[PDB]
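Secondary and tertiary structure notes
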Amino acid sequence: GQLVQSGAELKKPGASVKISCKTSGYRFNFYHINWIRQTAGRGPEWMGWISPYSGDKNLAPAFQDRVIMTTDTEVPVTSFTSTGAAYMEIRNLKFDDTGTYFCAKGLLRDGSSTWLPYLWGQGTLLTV
Amino acid sequence: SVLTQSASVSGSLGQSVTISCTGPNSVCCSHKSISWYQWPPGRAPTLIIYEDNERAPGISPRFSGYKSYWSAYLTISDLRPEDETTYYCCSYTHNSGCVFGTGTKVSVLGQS
Ligand SMILES: *[C@@H]1O[C@H](CO)[C@@H](O[C@@H]2O[C@H](CO)[C@@H](O[C@@H]3O[C@H](CO[C@H]4O[C@H](CO)[C@@H](O)[C@H](O)[C@@H]4O)[C@@H](O)[C@H](O[C@H]4O[C@H](CO)[C@@H](O)[C@H](O)[C@@H]4O)[C@@H]3O)[C@H](O)[C@H]2NC(C)=O)[C@H](O)[C@H]1NC(C)=O
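For every chain, the first residue of the written sequence is numbered 1 and the count continues from 1 onward along that sequence, whatever numbering the entry uses; residues with no coordinates are hidden. The lettering of chains begins at A and the numbering of ligands begins at 1, in the order of writing. The chains in this view make up only part of a larger assembly, and the values are for that part alone. Side-chain measures were taken over the full set of non-hydrogen atoms in the model, leaving aside hydrogen atoms and water.

cryo-EM is the method the PDB entry states for this structure, with the resolution given as 3.4 Å.

**Notes on the state of the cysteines**
For this text, the term disulfide refers to a pair of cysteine sulfurs within 2.5 Å. Evaluation of the coordinates by the stated rule reveals three disulfides over all chains. Shown here is the disulfide that connects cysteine 21 of chain A with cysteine 103 of chain A, its sulfur atoms set 2.0 Å apart. Here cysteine 21 of chain A, found in strand 2 (residues 17–22), pairs with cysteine 103 of chain A, found in strand 10 (residues 99–106); they are 82 residues apart in sequence, far enough to count as distant. Pair check on accessibility: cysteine 21 of chain A and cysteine 103 of chain A agree, each one buried. What links to what in chain B: the bonded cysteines, counted in sequence order, pair as 1-2, 3-4. We note that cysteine 28 of chain B lacks a disulfide partner, and the nearest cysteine sulfur, in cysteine 29 of chain B, lies 5.8 Å from it. Note on classification: 1.4 Å probe, protein chains only; a residue is buried when its accessible area is under 20% of the maximum for its type, exposed when over 50%, partly exposed between these limits. Given a relative accessible area of 4%, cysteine 29 of chain B falls into the buried group. Helix and strand assignments come from DSSP, with helices taken as H or I runs of at least 4 residues and strands as E runs of at least 2, each series counted from the N terminus.

**A few points about the site of the ligand**
If a single non-hydrogen atom of a residue is within 4 Å of a molecule or strand, that residue counts as near it. The immediate surroundings of the ligand are formed by 15 residues, with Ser51, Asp56, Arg109 and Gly111 of chain A together with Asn95 of chain B found nearest. Nearby residues place the ligand at the junction of chains A and B. For the purposes of these results, a polar contact is taken to be a pair of N or O atoms within 3.5 Å, where, inside protein, one atom must be able to donate a hydrogen and its partner to accept one; residues adjacent in sequence count only when each atom of the pair is a side-chain atom. Side-chain polar atom of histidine 32 of chain A to an oxygen atom of the ligand: 3.2 Å apart, as the coordinates give it. At a separation of 3.2 Å, an oxygen atom of the ligand approaches a polar backbone atom of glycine 111 of chain A. Of the residues assigned to the shell around the ligand, the class counts are three nonpolar, eight polar and four charged. Each residue gets one of three labels, nonpolar for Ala, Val, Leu, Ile, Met, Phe, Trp, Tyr, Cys and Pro, charged for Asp, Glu, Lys and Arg, and polar for the others, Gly among them.

**With respect to the packing of aromatic side chains**
By convention, a stacked pair of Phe, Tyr or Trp rings (six-membered ring in the case of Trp) has centres within 6.5 Å and planes under 30 degrees apart, an edge-to-face pair has planes over 60 apart, and any other such pair is tilted. Tallied over the full model, the rule gives eight aromatic pairs over all chains. Pairing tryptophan 46 of chain A with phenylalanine 100 of chain B gives two aromatic rings, centres 6.0 Å apart and planes at 85°, and the pair type is edge-to-face. Residue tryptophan 46 of chain A is found in strand 4 (residues 43–50), and its partner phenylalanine 100 of chain B is found in strand 9 (residues 99–100); the two belong to separate chains. Residue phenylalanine 100 of chain B is classed as buried on the basis of its relative accessible area of 9%. Ring centres of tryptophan 39 of chain B and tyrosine 88 of chain B lie 5.2 Å apart, and the angle between their planes is 70°; on these two criteria the pair is classed as edge-to-face.

**Quick word on the sheet that holds strand 9 (residues 85–90) of chain A**
Residues and elements named next belong to chain A. The strand order across the open sheet formed by four strands is 1-2-9-6, and the pairing between neighbours is antiparallel. Each edge of the open sheet is held by one strand with a lone partner, namely strand 1 (4–5) and strand 6 (67–71). Think of it this way: DSSP has to see at least two bridges between two strands before they count as a pair. Sheet topology places strand 2 next to strand 9; six bridges connect them, and they run antiparallel. Each bridged residue has a counterpart across the sheet, and for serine 20 the counterpart in strand 9 is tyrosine 87.

**What about the side chain of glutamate 45 of chain A?**
All names here are of chain A. Turning to its location among the elements, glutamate 45 is positioned in strand 4. Since its relative accessible area comes to 14%, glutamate 45 is described here as buried. Engagement of the side chain of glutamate 45 in a polar contact is seen with the side chain of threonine 39, the distance being 3.0 Å. Aside from chain neighbours lying at most four places away, what touches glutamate 45 is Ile36, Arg37, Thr39 and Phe63. Whether two residues are in contact is decided by their heavy atoms, any of which lying within 4.5 Å being enough.

**Side note on the nonpolar core**
Side chains of a nonpolar character, in soluble globular proteins, are inclined to be buried together. Among the nonpolar cores identified, the biggest contains 63 residues, and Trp35, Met88 and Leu116 of chain A together with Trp36 and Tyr87 of chain B are the most heavily contacted of them. Examining the composition of this core, we find that five residues originate from one element, strand 8 (residues 86–92) of chain B, more than from any other. With residues near it in sequence (within four places) discarded, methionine 88 of chain A still touches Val17, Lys18, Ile19, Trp35, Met47, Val67, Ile68, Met69 and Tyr101 of chain A. What is meant by a nonpolar core is a set of buried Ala, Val, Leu, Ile, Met, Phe, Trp, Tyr and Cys residues, joined one to another through side-chain atoms within 4.5 Å.

**Observations regarding the sheet that holds strand 3 (residues 17–22) of chain B**
Residue and element names in this part refer to chain B. As summarised here, the arrangement of the four strands in space is 1-3-7-6, forming an open sheet in which the pairing is antiparallel. Of all strands in the sheet, those with a lone pairing partner are strand 1 (4–5) and strand 6 (65–67), marking the two edges. Across three bridges, the pairing between strand 6 and strand 7 (residues 71–76) is antiparallel. Across the sheet, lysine 67 pairs through a bridge with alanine 72, a residue of strand 7.

**Looking at unusual backbone geometry**
All names here are of chain A. Phi at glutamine 2 takes a positive value of approximately 50°, unusual for a residue other than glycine. Within the secondary structure, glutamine 2 sits in the segment before strand 1. Residue class for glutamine 2 comes out exposed when judged on its relative accessible area of 66%. In this structure, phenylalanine 80 is a non-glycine residue whose phi angle is positive, near 70°. Note that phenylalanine 80 resides in the loop between strand 7 (75–78) and strand 8 (81–83).

Okay, structure coming up:
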């Protein structure tokens, strides 16, 4: 998978950011995209679970209406190993949102253990 | 952190330690699915357990998991020095998102 994130950014409070990660070497449609924040003060918090195959989205109750997640279409490098991108838009950042952001690939395509993150990228540092 | 752990785990080189992860009846484990993760603060985590005891690809059989009606446990044996990381337990349902819990440091006493 070798997930690659956009990279660290510095920003003034009371505003919005778009953070993007580029998948490689695994079909993008099959596996869910799982967006995550690790705030050093607050520990780990969940952000979102977007399906790249349809418009199915799932979001944590603490962040309703505050964050909008979307995905691009894939590009066929070769059969069963494509390249695709996903990004999230987070409105109205504050001091509380100063940590490391990761996106991840779902574990399985089917079964009760889907929507569970397996591969993780290096991540980006958000300082606000 | 509705999914509470013990926050103080230690084991000796070659012995076996156990880590617990419990919570309320609204965010529980009997009616939920439990997954376990190795997360060094600063690095990207790694999967160990996904369903409730099933072992992830690329994990030596020294790890295992069990689930009671009120708490979930992992029993790690052969504690090499590289096990000094932090484990965050995850409670997830089939049709919803996981609820990560607090963090438990693990200490390998008796190393060199
Ligand atoms: C093309 O490939 C894609 C991706 O591989 C397939 O889409 C996957 O399909 C499987 C099987 O249906 C999905 O797994 C199921 O997901 C459900 C979760 O979504 C529900 O909840 C959200 C809430 O936001 C709703 O929006 C959504 O509509 C659903 O209601 C679960 O309900 C399912 O659990 C059930 O089945 C499992 C299987 O064992 C049981 O354990 C459970 O008890 C329960 O009965 C299940 O997990 C998977 O999520 C899909 N992936 C993606 C990325 O979307 C396509 O199906 C496939 N297309 C074709 C035509 O083959």
